[PDB]
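Chemist: Okay, handing you the structure first.
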Amino acid sequence: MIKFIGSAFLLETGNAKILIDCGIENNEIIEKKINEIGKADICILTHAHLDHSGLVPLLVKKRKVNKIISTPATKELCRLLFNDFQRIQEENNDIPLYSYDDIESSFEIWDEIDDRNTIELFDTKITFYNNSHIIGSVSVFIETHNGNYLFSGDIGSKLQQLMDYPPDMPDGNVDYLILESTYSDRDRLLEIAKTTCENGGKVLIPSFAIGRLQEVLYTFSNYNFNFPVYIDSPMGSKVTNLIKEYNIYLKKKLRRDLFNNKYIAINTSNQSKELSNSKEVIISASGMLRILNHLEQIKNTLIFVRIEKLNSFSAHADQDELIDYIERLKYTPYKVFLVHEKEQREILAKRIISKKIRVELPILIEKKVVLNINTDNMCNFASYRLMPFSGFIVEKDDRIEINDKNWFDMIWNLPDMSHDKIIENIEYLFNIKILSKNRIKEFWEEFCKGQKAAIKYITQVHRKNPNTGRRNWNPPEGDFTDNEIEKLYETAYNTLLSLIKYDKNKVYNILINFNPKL
Amino acid sequence: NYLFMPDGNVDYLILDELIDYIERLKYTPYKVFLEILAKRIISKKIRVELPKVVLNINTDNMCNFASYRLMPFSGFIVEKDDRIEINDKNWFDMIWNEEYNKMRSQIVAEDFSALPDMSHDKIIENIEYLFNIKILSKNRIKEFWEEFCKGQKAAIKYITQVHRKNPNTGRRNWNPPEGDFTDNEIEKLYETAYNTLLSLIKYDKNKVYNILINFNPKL
Amino acid sequence: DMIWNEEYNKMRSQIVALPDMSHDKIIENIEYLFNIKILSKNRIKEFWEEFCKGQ
Amino acid sequence: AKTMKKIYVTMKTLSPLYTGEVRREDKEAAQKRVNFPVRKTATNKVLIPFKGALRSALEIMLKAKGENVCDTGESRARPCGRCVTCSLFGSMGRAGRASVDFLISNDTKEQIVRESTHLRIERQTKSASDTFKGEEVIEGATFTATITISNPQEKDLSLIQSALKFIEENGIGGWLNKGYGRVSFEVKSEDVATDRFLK
Amino acid sequence: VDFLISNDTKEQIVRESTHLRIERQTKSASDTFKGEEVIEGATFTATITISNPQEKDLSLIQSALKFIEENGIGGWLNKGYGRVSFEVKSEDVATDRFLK
Amino acid sequence: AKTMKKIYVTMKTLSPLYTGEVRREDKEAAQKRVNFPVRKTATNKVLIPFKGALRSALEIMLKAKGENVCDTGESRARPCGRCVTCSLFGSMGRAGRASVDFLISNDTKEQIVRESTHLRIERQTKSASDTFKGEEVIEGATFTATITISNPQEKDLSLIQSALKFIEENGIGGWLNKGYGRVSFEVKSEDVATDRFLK
Amino acid sequence: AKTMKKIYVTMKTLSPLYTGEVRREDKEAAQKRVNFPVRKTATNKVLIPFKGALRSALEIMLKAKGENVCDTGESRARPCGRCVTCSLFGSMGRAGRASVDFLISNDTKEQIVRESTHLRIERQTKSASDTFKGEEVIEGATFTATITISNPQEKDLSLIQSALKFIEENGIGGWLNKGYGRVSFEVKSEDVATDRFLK
Ligand SMILES: [Zn+2]
Ligand SMILES: [Zn+2]
Ligand SMILES: [Zn+2]
Ligand SMILES: [Zn+2]
Ligand SMILES: [Zn+2]
């Protein structure tokens with residue numbers, strides 16, 4: 001079933017091929033993988049760090065993937081990383097793997113589903129859960145008729161101050177797991193950066209732009225550092241704005257001025273050089289490899305995440321968190337596929353075998369359907385043996401089963417608004433042309449992705465921009481005054497937010513009366 | 001692997017000392033085939049069972065409801081050659097529409113239950129001319145005799161169906177004539193076929209049968 | 001269809017004017033609208049399939 | 001009959017390409033979303049007819065040359081059998097030696113099939129008086145077909161290639177008047193033995 | 001040689017179809033017709049039972065199947081219909097297998 | 001039926017051009033980057049519909065002349081089948097003689113297509129109210145299209161040239177009233193045989 | 001209509017003209033050299049938007065006179081479709097009869113576009129706080145546009161000429177409050193037939 005190209009895991013569901021990751025670790029070796037990948041119906045990008053994504057435009061370039069399913073924030077972070085990495089490939093002028101055309105074609109077939117949302121593709125039910133590595137980190141649960149498989153993804157850590165600390169897990173039965181064993185000193189940083197700028201000297205914090213600089217920023221923000229803070233990072237400022245956009249996919253504590261306003265975004269290279277000539281915290285660089293000038297005046301407290309190494313800011317899991325992630329699944333898995341250096345996999349596999357779970361370091365379990373109702377009383381109508389039956393589709397984790405009324409009787413042994421008020425408000429805002437058919441259609445596409453995607457979308461369409469008072473709705477059609485127009489916009493915000501709470505059938509029944517195609 | 005303590009891997013076991021024996025196996029059993037003891041075994045994170053291919057072809061909406069999850073569905077079980085399948089109302093509506101179209105196909109008009117005149121010689125001459133230029137063909141003569149044996153009304157209906165010049169396309173359902181002809185002769189030959197078939201509609205059955213064996217001997 | 005709706009509505013919860021126009025007129029009107037192509041064969045066929053699913 | 005001519009054609013798509021869904025069930029499933037579906041397979045590959053296009057190309061060109069070629073395109077036209085296109089593509093009485101496969105796509109739907117918005121504009125108002133939605137095949141999409149000719153003659157490959165150049169001039173299927181269907185063909189021809197499978 | 005019985009049923013594999021006949025000067029549909037047709041990917045099962053077998057019979061049947069893969073099965077083979085693939089599972093049995 | 005008319009049309013863009021993206025997937029994948037995408041190929045070359053522009057032009061001039069032409073651009077309007085635009089560009093019973101190719105750019109989208117800031121400015125405060133982004137074809141870009149007339153009459157070439165002069169005067173593509181889409185045309189006619197591919 | 005109106009508009013620059021560059025690639029290529037490049041045609045000419053200076057001019061004058069006209073400069077403000085500004089330049093469902101060309105320069109970049117330097121000066125120290133290097137259009141430069149009115153009415157030239165006089169009073173393009181964009185206009189208007197190309 002599961003072929004192990006690399007990170008690259010292919011799952012042959014007999015009916016379709018579901019590749020999960022296609023990452024980047026010569027060219028002919030990468031081509032061996034792409035040639036072996038074969039035609040994949042789906043690529044599920046667990047997260048975007050160019051080690052679980054990256055060789056995905058190639059799969060779009062050589063036409064091997066029909067559709068790419070991810071988190072929305074994973075999609076936009078993948079966009080930033082693909083463009084930046086193609087820019088780098090031209091810095092060392094290395095015959096590029098893919099083109100910009102392949103990047104733009106990669107989002108042509110992209111699809112976004114958020115979390116706790118089961119998408120049925122080719123007889124496989126796919127669901128996403130959070131694992132607290134980066135913004136759209138996802139552990140993938142594919143239930144197929146030959147078993148349920150869970151690709152942990154880079155399960156995060158208790159150190160994460162931006163995400164939850166208990167990565168979420170399928171509430172059903174996990175047959176096979178493919179965990180990964182890459183394997184609070186922060187206050188110290190908040191000490192010494194407070195010391196050094198008190199010493200009058202500057203502070204340097206070299207950190208990666210994707211899912212590392214913002215945790216170094218968050219700590220420097222929830223805490224008070226009267227001295228000034230700056231970000232001299234080129235993708236780094238854009239991914240910080242990506243945090244401020246996709247804050248709804250973060251921790252529940254941070255659902256609602258993220259990072260306060262302490263960070264000053266260093267927009268230009270001229271500002272970079274003049275900042276390096278300043279006297280008065282600068283977050284920059286990638287592994288201390290803009291950064292070169294800062295290095296000179298930080299050499300003239302240089303912390304690593306006055307030489308200093310602080311390990312508190314780490315994102316990957318620790319043996320104990322991986323063990324606790326498997327020990328929190330409802331059923332113990334049949335086999336842990338411990339992927340991704342040798343020594344870490346060996347020590348984790350001993351502890352796992354000590355915890356009495358099987359590991360292979362790279363059983364015909366068929367999810368049958370049970371009839372459980374009489375078929376003796378059948379009839380021939382039009383060349384078919386048919387019987388009308390009244391029952392229930394029970395979805396036990398071992399097997400789907402169909403039952404009668406006897407079984408059901410024996411087992412029996414966000415702002416809120418009324419449905420009529422929601423109907424009235426959507427009708428009134430549709431007549432004054434705030435809510436339009438394009439708006440209702442775009443809402444339905446975001447609500448198909450999840451509740452939190454639609455919450456972000458209406459938060460984007462209702463945010464009044466502080467620079468220019470533009471709310472991003474459609475203006476009302478009539479002779480209304482300014483406070484009345486603002487009350488109408490508030491009404492639209494609360495109405496669509498209250499509709500987010502309902503189930504998809506109710507939302508479709510309400511909206512197919514305004515846009516007869518959404 | 002089925003065990004009914006073997007140190008080797010045991011995928012399936014068929015059974016508080018029970019709990020101790022189960023935890024005492026190396027690795028853990030995937031399923032154990034065992035009431036309250038089964039649910040206690042569930043509490044040790046181990047699955048239990050407590051003891052034609054079936055295909056649920058259906059849409060999905062799931063209400064968690066009780067501890068067991070469900071999906072309300074009154075429907076249909078269809079037994080087939082090697083599979084049993086489950087379908088909804090729309091399948092039965094589709095087979096009902098197809099069957100009901102098959103029903104009215106039958107008992108149409110008056111089966112087996114206002115015409116020009118021309119001599120018998122004229123009728124043989126016109127059918128003999130339109131046989132050899134491929135208008136009144138053998139299939140045409142066959143379906144003539146089939147619509148005639150169900151009555152004169154069905155034969156008038158079929159002849160008005162073939163001769164009907166469709167105003168959208170300008171195409172009658174006759175077989176086009178073979179040979180060099182202009183358009184006016186083509187419509188005049190079609191009108192000749194019209195008048196000849198509608199005039200033999202008035203004749204009796206043994207005066208038709210004997211006029212269509214020498215063109216269709218398998219009438 | 002009445003009993004099916006009865007059972008489906010019943011079970012789902014367990015878990016939780018036409019204008020009167022005469023037949024001859026109808027024939028004349030669909031004749032006239034078919035001649036002037038408002039009621040076309042595709043329109044009559046689609047209306048027939050939607051009538052087969054219910055009123 | 002001991003030899004057989006295999007003509008492997010690869011059609012690269014250079015303009016958009018509309019071919020039409022022939023299947024009433026697939027149309028009715030797809031006409032709730034798009035008004036002009038593309039002819040696709042159940043294995044989700046694009047199907048284009050090929051025998052009728054080559055036949056029509058050869059009858060138009062050979063009628064223009066003055067050769068004795070019957071027009072089979074007229075309504076209820078019966079092929080004579082004493083033609084040259086009647087030998088390649090069949091008649092009432094003799095099957096065609098050139099069995100012509102469908103142009104099936106190398107890629108699938110959602111990789112070459114795209115879903116498009118077409119328009120109709122008022123002339124005195126310059127406003128969108130009507131809108132429909134079609135399905136189109138992208139450019140650079142590769143299709144493969146094989147023409148197997150059972151009793152080959154010398155003129156068959158030249159006639160097929162000629163007809164292919166007529167398709168590269170005119171179009172392969174669908175809306176050839178508004179620009180759709182302009183394609184290119186690459187031909188690989190080989191003369192196999194009929195007893196090549198018998199071991 | 002048994003018949004090629006499909007694994008599925010008409011409502012899953014047989015699709016009605018619209019065929020055309022186009023005038024070569026007008027490019028207008030001069031004629032059309034509707035024919036049922038079996039889809040692509042439909043699976044058919046047959047059994048060939050050879051009594052008193054010789055050595056070459058497997059090679060002969062497999063070569064004939066490769067010829068049918070090349071040329072097609074059924075009707076309308078010239079316009080592209082009938083192109084299939086065959087998978088062969090052969091097995092030698094003894095004629096007294098049914099006797100208990 | 002024996003000869004055929006080629007009008008090779010080479011169009012040079014003289015003011016920035018915008019034909020909109022029609023593909024739903026291409027428009028949706030670009031909406032975070034451009035609000036108005038330009039109609040392009042999968043080979044990244046600009047696609048312009050041409051048959052509709054020529055037909056609309058000839059209907060407008062021939063209606064203003066007084067000759068009997070149908071106004072097809074009204075909603076669901078059946079073409080009459082007896083006018084010369086019905087002869088050239090088709091009716092519901094007979095296809096058009098003039099198969100009009102798309103206007104395909106000679107260069108790639110990286111060389112000829114640029115992003116742009118379009119504004120809406122308030123009239124009292126004289127300030128930026130709405131900002132949006134479009135893709136535009138630059139001036140100097142070269143497009144090619146071949147118009148093939150199957151049964152060429154005497155006046156069809158002159159009708160196409162008058163429609164091209166009307167398209168030069170009015171514009172092609174979208175945003176025509178803002179100055180977009182003003183082009184120049186270089187027609188190169190050629191009377192080819194229909195049987196020229198026959199070897 | 002049977003006739004159309006051609007208004008050939010010639011603009012001479014009396015004060016330096018800045019209209020801002022719109023293309024992202026041209027702006028980003030210009031950043032090292034200048035900070036404010038002029039809108040440039042890719043065949044090295046200068047393009048100034050016209051519709052928007054005629055529409056805005058007519059909206060302020062018609063709103064001051066009291067005619068029932070709408071404001072198209074407010075945020076996403078839908079044009080009504082009933083005023084003479086909506087009839088001339090366009091509504092949201094009916095296009096504008098006056099297709100207004102861009103203001104194509106009659107000379108090149110090298111002749112009329114100059115690269116310059118402006119300052120922000122302290123009010124106390126009287127020194128340059130900021131320097132910034134833009135590029136505007138020299139005075140005496142000649143620009144050419146053509147307004148084509150499809151269905152002309154009686155008061156069509158008068159409204160365009162009033163809008164032109166308002167443009168000479170207030171300016172066209174950018175930096176109008178600083179002194180830029182003061183222009184002159186010469187109109188050569190004519191009535192053509194819509195069928196003037198039909199030969
Ligand atoms: Zn990661
Ligand atoms: Zn990893
Ligand atoms: Zn013939
Ligand atoms: Zn007409
Ligand atoms: Zn207005």
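For the structure tokens, the naming scheme is as follows: chains receive sequential letters (A, B, ...) according to their order of presentation, residues are indexed from 1 within each chain, and ligands are indexed from 1 in presentation order.
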Counting only C-alpha atoms, a student should be able to say which residues of chain G come within 6 Å of chain F; what is the right answer, written as an mmCIF file with C-alpha atoms, in the first residue's frame?
Modeler:
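The file below, iface08.cif, is the result:
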```
data_model
loop_
_atom_site.group_PDB
_atom_site.id
_atom_site.type_symbol
_atom_site.label_atom_id
_atom_site.label_comp_id
_atom_site.auth_asym_id
_atom_site.auth_seq_id
_atom_site.Cartn_x
_atom_site.Cartn_y
_atom_site.Cartn_z
ATOM 1 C CA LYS G 2 -26.621 55.862 -39.185
ATOM 2 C CA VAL G 22 1.004 52.301 -14.096
ATOM 3 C CA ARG G 23 2.895 49.157 -15.109
ATOM 4 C CA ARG G 24 4.525 47.337 -12.195
ATOM 5 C CA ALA G 42 5.985 50.641 -24.833
ATOM 6 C CA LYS G 51 -12.047 59.278 -19.993
ATOM 7 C CA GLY G 73 -15.924 58.816 -8.278
ATOM 8 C CA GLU G 74 -17.247 57.605 -4.946
ATOM 9 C CA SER G 75 -16.279 54.167 -3.652
ATOM 10 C CA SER G 99 -15.288 55.875 -26.974
ATOM 11 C CA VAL G 100 -12.489 58.128 -25.725
ATOM 12 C CA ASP G 101 -8.970 57.405 -26.917
ATOM 13 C CA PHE G 102 -5.853 57.716 -24.830
ATOM 14 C CA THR G 194 -20.909 54.299 -39.910
ATOM 15 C CA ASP G 195 -20.734 52.568 -43.322
ATOM 16 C CA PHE G 197 -15.456 51.587 -44.983
ATOM 17 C CA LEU G 198 -17.884 49.309 -46.855
#
```
Chemist: Neighbours of segment 119-121 of chain B within 12 Å (only C-alpha atoms; same-chain residues fewer than 5 positions away dropped), as a PyMOL selection string?
Modeler: chain B and resi 126-128+195-197+199-200+202-204+207-208+210-211
Chemist: Per DSSP on the backbone, what are the helix (DSSP H, G or I) residues of segment 9-198 of chain D, as a ChimeraX atom specification?
Modeler: /D:24-30,51-65,85-89,155-170,194-196
Chemist: Using only C-alpha atoms and all ligand atoms, what are the residues with an atom within 7 Å of ligand 3, set out as a list in words?
Modeler: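 Result of the 7 Å neighbour search around ligand 3: residues 69, 70, 79, 80, 81, 82, 83, 84, 85, 86 and 91 of chain D.
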Chemist: Produce as number ranges by chain the set of residues near ligand 2, where near means within 9 Å with only C-alpha atoms and all ligand atoms considered.
Modeler: A: 7, 49, 51-52, 153-154, 180-182, 316, 339-340
Chemist: For segment 160-172 of chain B, list every protein, DNA or RNA residue within 9 Å, evaluated using only C-alpha atoms, and leave out those in the same chain fewer than 5 positions away; present the list as an MDAnalysis selection string.
Modeler: (chainID B and resid 155 190:191 193:194) or (chainID D and resid 75) or (chainID E and resid 30) or (chainID F and resid 93)
Chemist: List as JSON, numbers by chain the protein and nucleic acid residues near segment 37-54 of chain C, meaning an atom at most 10 Å away when only C-alpha atoms are counted, but skip any in the same chain fewer than 6 places from it.
Modeler: {"B": [90, 93, 94, 96, 97], "C": [1, 29, 30, 31]}
Chemist: At most 10 Å is the cut-off: for each residue in chain A with any atom that close to an atom of ligand 1, write down the nearest atom pair and the distance in Å rounded to one decimal, counting only C-alpha atoms and all ligand atoms, chain first then increasing number, as a tab-separated table.
Modeler:
```
residue	atom	partner	partner_atom_place_in_ligand_line	distance
A:46	CA	ligand 1	1 (Zn)	8.4
A:47	CA	ligand 1	1 (Zn)	5.9
A:48	CA	ligand 1	1 (Zn)	6.2
A:49	CA	ligand 1	1 (Zn)	4.8
A:50	CA	ligand 1	1 (Zn)	8.1
A:51	CA	ligand 1	1 (Zn)	7.3
A:52	CA	ligand 1	1 (Zn)	7.3
A:53	CA	ligand 1	1 (Zn)	9.5
A:131	CA	ligand 1	1 (Zn)	10.0
A:132	CA	ligand 1	1 (Zn)	9.4
A:133	CA	ligand 1	1 (Zn)	5.8
A:134	CA	ligand 1	1 (Zn)	6.3
A:135	CA	ligand 1	1 (Zn)	9.5
A:136	CA	ligand 1	1 (Zn)	9.5
A:137	CA	ligand 1	1 (Zn)	7.3
A:138	CA	ligand 1	1 (Zn)	9.8
A:153	CA	ligand 1	1 (Zn)	7.9
A:154	CA	ligand 1	1 (Zn)	5.7
A:155	CA	ligand 1	1 (Zn)	8.7
A:156	CA	ligand 1	1 (Zn)	8.6
A:210	CA	ligand 1	1 (Zn)	8.7
A:211	CA	ligand 1	1 (Zn)	7.9
A:315	CA	ligand 1	1 (Zn)	8.1
A:316	CA	ligand 1	1 (Zn)	7.8
```
Chemist: In Å to one decimal, how far is atom CA of residue 399 of chain A from atom CA of residue 367 of chain A?
Modeler: 5.1 Å
Chemist: Counting only C-alpha atoms, give me one row per residue of chain E with an atom at most 12 Å from an atom of chain A, showing the shortest contact pair and its distance in Å to one decimal, sorted by chain then residue number, as a Markdown table.
Modeler:
```
| residue | atom | partner | partner_atom | distance |
| --- | --- | --- | --- | --- |
| E:9 | CA | A:384 | CA | 10.6 |
| E:10 | CA | A:383 | CA | 11.3 |
| E:11 | CA | A:384 | CA | 11.3 |
```
Chemist: So how far away is atom CA of residue 24 of chain E from atom CA of residue 149 of chain F, in Å?
Modeler: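 Rounded to one decimal, the two atoms are 13.9 Å apart.
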Chemist: Give as a ChimeraX atom specification every residue of chain B that touches chain C within 12 Å, counting only C-alpha atoms.
Modeler: /B:61-66,69-76,88-98,100-101,167-168
Chemist: For the selection just defined, write its residues with N, CA and C atoms to a file, as a PDB file, in the first residue's frame.
Modeler:
```pdb
ATOM      1  N   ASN B  61     -24.776  12.725   5.187  1.00  0.00           N
ATOM      2  CA  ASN B  61     -24.858  13.726   6.243  1.00  0.00           C
ATOM      3  C   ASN B  61     -24.936  12.974   7.564  1.00  0.00           C
ATOM      4  N   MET B  62     -24.071  13.336   8.504  1.00  0.00           N
ATOM      5  CA  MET B  62     -23.903  12.564   9.725  1.00  0.00           C
ATOM      6  C   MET B  62     -24.279  13.407  10.933  1.00  0.00           C
ATOM      7  N   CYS B  63     -25.229  12.902  11.716  1.00  0.00           N
ATOM      8  CA  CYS B  63     -25.591  13.447  13.021  1.00  0.00           C
ATOM      9  C   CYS B  63     -24.994  12.497  14.049  1.00  0.00           C
ATOM     10  N   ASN B  64     -24.159  13.041  14.945  1.00  0.00           N
ATOM     11  CA  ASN B  64     -23.447  12.220  15.922  1.00  0.00           C
ATOM     12  C   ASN B  64     -24.457  11.555  16.850  1.00  0.00           C
ATOM     13  N   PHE B  65     -25.495  12.302  17.258  1.00  0.00           N
ATOM     14  CA  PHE B  65     -26.576  11.855  18.141  1.00  0.00           C
ATOM     15  C   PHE B  65     -26.065  11.165  19.401  1.00  0.00           C
ATOM     16  N   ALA B  66     -26.409   9.889  19.573  1.00  0.00           N
ATOM     17  CA  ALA B  66     -25.918   9.072  20.673  1.00  0.00           C
ATOM     18  C   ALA B  66     -24.412   8.797  20.552  1.00  0.00           C
ATOM     19  N   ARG B  69     -22.673   6.832  16.016  1.00  0.00           N
ATOM     20  CA  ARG B  69     -22.982   7.837  15.009  1.00  0.00           C
ATOM     21  C   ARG B  69     -23.865   7.222  13.921  1.00  0.00           C
ATOM     22  N   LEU B  70     -24.742   8.135  13.384  1.00  0.00           N
ATOM     23  CA  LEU B  70     -25.760   7.607  12.452  1.00  0.00           C
ATOM     24  C   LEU B  70     -25.944   8.498  11.233  1.00  0.00           C
ATOM     25  N   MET B  71     -26.770   8.019  10.297  1.00  0.00           N
ATOM     26  CA  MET B  71     -27.168   8.821   9.138  1.00  0.00           C
ATOM     27  C   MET B  71     -28.544   8.348   8.681  1.00  0.00           C
ATOM     28  N   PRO B  72     -29.624   9.119   9.009  1.00  0.00           N
ATOM     29  CA  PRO B  72     -31.004   8.728   8.646  1.00  0.00           C
ATOM     30  C   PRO B  72     -31.269   8.462   7.173  1.00  0.00           C
ATOM     31  N   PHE B  73     -31.688   7.241   6.829  1.00  0.00           N
ATOM     32  CA  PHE B  73     -31.872   6.936   5.413  1.00  0.00           C
ATOM     33  C   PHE B  73     -32.917   5.823   5.253  1.00  0.00           C
ATOM     34  N   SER B  74     -34.137   6.205   4.894  1.00  0.00           N
ATOM     35  CA  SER B  74     -35.061   5.259   4.274  1.00  0.00           C
ATOM     36  C   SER B  74     -34.726   5.138   2.787  1.00  0.00           C
ATOM     37  N   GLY B  75     -34.507   3.910   2.313  1.00  0.00           N
ATOM     38  CA  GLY B  75     -34.134   3.734   0.919  1.00  0.00           C
ATOM     39  C   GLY B  75     -34.501   2.414   0.267  1.00  0.00           C
ATOM     40  N   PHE B  76     -33.592   1.874  -0.548  1.00  0.00           N
ATOM     41  CA  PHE B  76     -33.817   0.645  -1.299  1.00  0.00           C
ATOM     42  C   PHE B  76     -32.576  -0.234  -1.274  1.00  0.00           C
ATOM     43  N   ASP B  88     -31.147   5.409  -3.160  1.00  0.00           N
ATOM     44  CA  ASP B  88     -32.093   6.364  -2.606  1.00  0.00           C
ATOM     45  C   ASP B  88     -33.351   6.469  -3.473  1.00  0.00           C
ATOM     46  N   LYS B  89     -34.136   7.523  -3.220  1.00  0.00           N
ATOM     47  CA  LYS B  89     -35.386   7.761  -3.940  1.00  0.00           C
ATOM     48  C   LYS B  89     -35.139   8.047  -5.420  1.00  0.00           C
ATOM     49  N   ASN B  90     -34.045   8.757  -5.733  1.00  0.00           N
ATOM     50  CA  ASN B  90     -33.805   9.260  -7.087  1.00  0.00           C
ATOM     51  C   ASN B  90     -33.568   8.119  -8.078  1.00  0.00           C
ATOM     52  N   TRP B  91     -32.903   7.049  -7.627  1.00  0.00           N
ATOM     53  CA  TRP B  91     -32.771   5.828  -8.422  1.00  0.00           C
ATOM     54  C   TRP B  91     -34.129   5.237  -8.780  1.00  0.00           C
ATOM     55  N   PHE B  92     -35.043   5.203  -7.812  1.00  0.00           N
ATOM     56  CA  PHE B  92     -36.337   4.594  -8.066  1.00  0.00           C
ATOM     57  C   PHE B  92     -37.210   5.508  -8.915  1.00  0.00           C
ATOM     58  N   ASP B  93     -37.036   6.828  -8.783  1.00  0.00           N
ATOM     59  CA  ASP B  93     -37.693   7.770  -9.685  1.00  0.00           C
ATOM     60  C   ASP B  93     -37.201   7.601 -11.115  1.00  0.00           C
ATOM     61  N   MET B  94     -35.890   7.397 -11.289  1.00  0.00           N
ATOM     62  CA  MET B  94     -35.325   7.221 -12.623  1.00  0.00           C
ATOM     63  C   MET B  94     -35.815   5.931 -13.268  1.00  0.00           C
ATOM     64  N   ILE B  95     -35.817   4.829 -12.507  1.00  0.00           N
ATOM     65  CA  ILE B  95     -36.311   3.569 -13.060  1.00  0.00           C
ATOM     66  C   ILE B  95     -37.824   3.623 -13.261  1.00  0.00           C
ATOM     67  N   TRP B  96     -38.530   4.451 -12.482  1.00  0.00           N
ATOM     68  CA  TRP B  96     -39.963   4.621 -12.669  1.00  0.00           C
ATOM     69  C   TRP B  96     -40.275   5.411 -13.929  1.00  0.00           C
ATOM     70  N   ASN B  97     -39.491   6.451 -14.213  1.00  0.00           N
ATOM     71  CA  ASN B  97     -39.677   7.213 -15.444  1.00  0.00           C
ATOM     72  C   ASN B  97     -39.336   6.378 -16.672  1.00  0.00           C
ATOM     73  N   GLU B  98     -38.251   5.593 -16.601  1.00  0.00           N
ATOM     74  CA  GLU B  98     -37.882   4.722 -17.717  1.00  0.00           C
ATOM     75  C   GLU B  98     -38.923   3.632 -17.950  1.00  0.00           C
ATOM     76  N   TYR B 100     -42.108   3.828 -17.057  1.00  0.00           N
ATOM     77  CA  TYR B 100     -43.369   4.432 -17.468  1.00  0.00           C
ATOM     78  C   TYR B 100     -43.314   4.864 -18.927  1.00  0.00           C
ATOM     79  N   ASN B 101     -42.135   5.284 -19.396  1.00  0.00           N
ATOM     80  CA  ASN B 101     -41.931   5.518 -20.822  1.00  0.00           C
ATOM     81  C   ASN B 101     -42.043   4.220 -21.612  1.00  0.00           C
ATOM     82  N   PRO B 167     -40.426  21.476 -40.320  1.00  0.00           N
ATOM     83  CA  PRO B 167     -40.147  22.888 -40.645  1.00  0.00           C
ATOM     84  C   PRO B 167     -38.803  23.399 -40.155  1.00  0.00           C
ATOM     85  N   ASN B 168     -38.185  22.742 -39.175  1.00  0.00           N
ATOM     86  CA  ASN B 168     -36.856  23.159 -38.745  1.00  0.00           C
ATOM     87  C   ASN B 168     -35.781  22.744 -39.742  1.00  0.00           C
TER      88      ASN B 168
END
```
